[PDB]
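Structural overview for review
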Amino acid sequence: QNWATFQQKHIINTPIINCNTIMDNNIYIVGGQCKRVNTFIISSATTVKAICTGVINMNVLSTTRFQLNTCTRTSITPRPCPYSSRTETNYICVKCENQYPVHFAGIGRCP
């Protein structure tokens, strides 16, 4: 919803993570249920923010590739839910608002 929250939800410093434990956080419980998917970007915040330079309101596909680790819910169960990890190097699509990434829209291409 804003830059500070996007950073907290998506930007990390290491590709080695336990999806089951990192997702056990209130920030990923949407509408009372554990989020289905969340992609983590292993990069400096500056580089991700730069994708939105000059963009006021639009989904933008990054020109460069980022190191990613996505946690995907394997089954809907009471919190904490189980997730599987999947790493890759790909472009990312983010929702830009007044030159700030505020939502992660997709991997590889924009919806």
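Residues numbered from 1 in each chain as written, not as in the entry; some residues may be left out. Heavy atoms only, no water. Residues with missing side-chain atoms left out of burial classes, pairs and counts.

Side note on helix α1 (residues 3-10)
The line we're drawing: The cut-offs for exposure are 20% and 50% of the maximum accessible area for each residue type, with area from a 1.4 Å probe on protein chains only; residues under the lower value are buried, those over the upper are exposed, and the others partly exposed. Counting from the N terminus, the helices are DSSP H or I runs at least four residues long and the strands are E runs at least two residues long. The arc in question is formed by the directions pointing from the helix axis toward the C-beta atoms. Polar contact is the term for a pair of N or O atoms within 3.5 Å; when the atoms are in protein, one must be able to donate a hydrogen and the other to accept it, and sequence-neighboring residues count only if both atoms are side-chain atoms.
Of the residues making up α1, those classed as buried are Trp3, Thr5, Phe6, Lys9 and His10. Each buried residue of α1 sits inside an arc of 160 degrees when the element is viewed along its axis, so together they form one side. The N-cap residue of α1 is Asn2: its side-chain oxygen and the backbone nitrogen of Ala4 are 3.2 Å apart.

Points about the nonpolar core
Going by this rule: Side-chain atoms within 4.5 Å are what join buried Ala, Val, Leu, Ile, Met, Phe, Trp, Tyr and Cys residues into a set we call a nonpolar core. For this analysis, residues touch if any pair of their heavy atoms sits within 4.5 Å.
By size, the foremost hydrophobic cluster in this structure holds 15 residues, and its most contacted members are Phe6, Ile41, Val48, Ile51, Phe66, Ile92 and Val94. Ranked by the residues each element gives to this core, the list is headed by strand β8 (residues 92-97), at three residues. Aside from chain neighbours lying at most four places away, what touches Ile51 is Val60, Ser62, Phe66, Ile92, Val94 and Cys96.

Overview of the sheet that holds strand β9 (residues 101-107)
Each strand in a sheet pairs with its neighbour through backbone hydrogen bonds, running either in the same direction (parallel) or in the opposite one (antiparallel). Keep this limit in mind: Criterion used throughout: strands pair if DSSP finds at least two bridges between them. What counts as an axis is a line fitted to C-alpha atoms, over the stretch in contact for a helix, and the angles between N-to-C directions run from 0 to 180 degrees.
The strand order across the open sheet formed by three strands is β5-β8-β9, and the pairing between neighbours is antiparallel. Each having just a single partner strand, β5 (57-61) and β9 make up the two edges of the open sheet. This sheet shows a mean twist of 20 degrees between the axes of neighbouring strands, independent of strand direction. As paired elements, β5 and β8 share five bridges and run antiparallel to each other. The partner of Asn57 across the bridge, within β8, is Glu97. Against the sheet, α1 makes contact with β8 and β9, and its axis sits at roughly 40 degrees relative to β9, the strand it touches most.

So, the pairing of strand β6 (residues 66-73)
Relative to β6, strand β4 (residues 37-42) runs antiparallel, the two being bridged by six bridges. Pairing of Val37 across the sheet is with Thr72, part of β6.

Some points on the UniProt feature "active site" in the protein chain
Filter applied, for reference: UniProt positions are given in the numbering used here, feature names are shortened, and annotations may be inferred rather than shown by experiment.
Per the UniProt record, "active site" is annotated on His10 and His103. Across 94 residues, the annotated set stays spatially compact, with a maximum C-alpha separation of 9.3 Å. Along the chain, the position of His10 falls in helix α1. For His10, the contacting residues outside a window of four places in its chain are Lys35, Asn38, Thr39, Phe40, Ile41 and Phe104. Along the chain, the position of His103 falls in strand β9. Not counting residues within four places of it along the chain, the set of residues in contact with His103 comprises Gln1, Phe6, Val94 and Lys95.

Here's the deal with the pattern of salt bridges
Two side chains with opposite charge may pair up if their charged atoms get near one another. The criterion, for reference: In what follows, salt bridge is the name for a side-chain nitrogen of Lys or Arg lying within 4 Å of a carboxyl oxygen of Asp or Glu.
Applying the stated criterion across every chain yields a total of three salt bridges. For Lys95, the salt bridge goes to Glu97, with nearest N and O atoms at 3.6 Å. We classify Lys95 as partly exposed; its relative accessible area is 26%. On the basis of relative accessibility, which here comes to 24%, the residue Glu97 falls in the partly exposed class.

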